[PDB]
RNA sequence: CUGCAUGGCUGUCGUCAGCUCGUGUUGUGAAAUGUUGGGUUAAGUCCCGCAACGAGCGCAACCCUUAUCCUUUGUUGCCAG
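In the deposited numbering, the protein residues as written are 8 to 116.
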């Protein structure tokens, strides 16, 4: 079975035409997805996440959005989970050459 | 003979707050960014914040000196005891 109950939103006024893979009709105050074929909307993405997670890969969780900032910090127990949730810096993944000296500052201070 | 040849030697914009670099980003590229912006300062000084994060020179700090008390040594100055 391809459900897997994961979505209950119905989007009552405004939509994006890029959502056409999931939305198969819209009549009267709804832009609702297909809820009986939900698994193919994420199965390949979670299979790739499972492949990375089982090949010692490091997983970064991002949630600066206040609703979930304290929720995204807990998901793993033995796998390499990392998170950012209160605040970012400019070039915090790209300028790691400079961030790796601020990681020292967190204990040197 | 000669400070548009050079040393030496002395001034001034100027103790002014000015001046840039790496990494990361951007633009075809020279080059920009940071250094703009907010509140400020003696001041690119300090805190706050974003595609920027950090570093250094000048600055800051540190130096010589002044008003005051405590303590001590004294003449052919001073005379308190």
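Ideal Cβ placement from N, Cα and C applies to all residues, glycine included.
query	result
Distance, residue 9 Cα to residue 69 Cα	28 Å
Residue 102 versus residue 18: straight-line alpha-carbon distance, rounded	39 Å
CB of residue 89 within 9 Å of CB of residue 63, strictly	no
Runs of beta strand (DSSP E) wholly within the segment 63-106 (minimum 3 residues, chain order)	66-69 and 88-91
Through-space distance from residue 58 to residue 46, alpha-carbon basis	17 Å
Alpha-carbon spacing of residue 16 relative to residue 55, whole angstroms	26 Å
Residue 58, enclosing alpha helix (DSSP H) - first and last residue	50-60
Beta-carbon proximity check, residue 49 vs residue 41, cutoff 9 Å	no
Reduced DSSP secondary structure (H/G/I, E/B, other) of residue 27	coil
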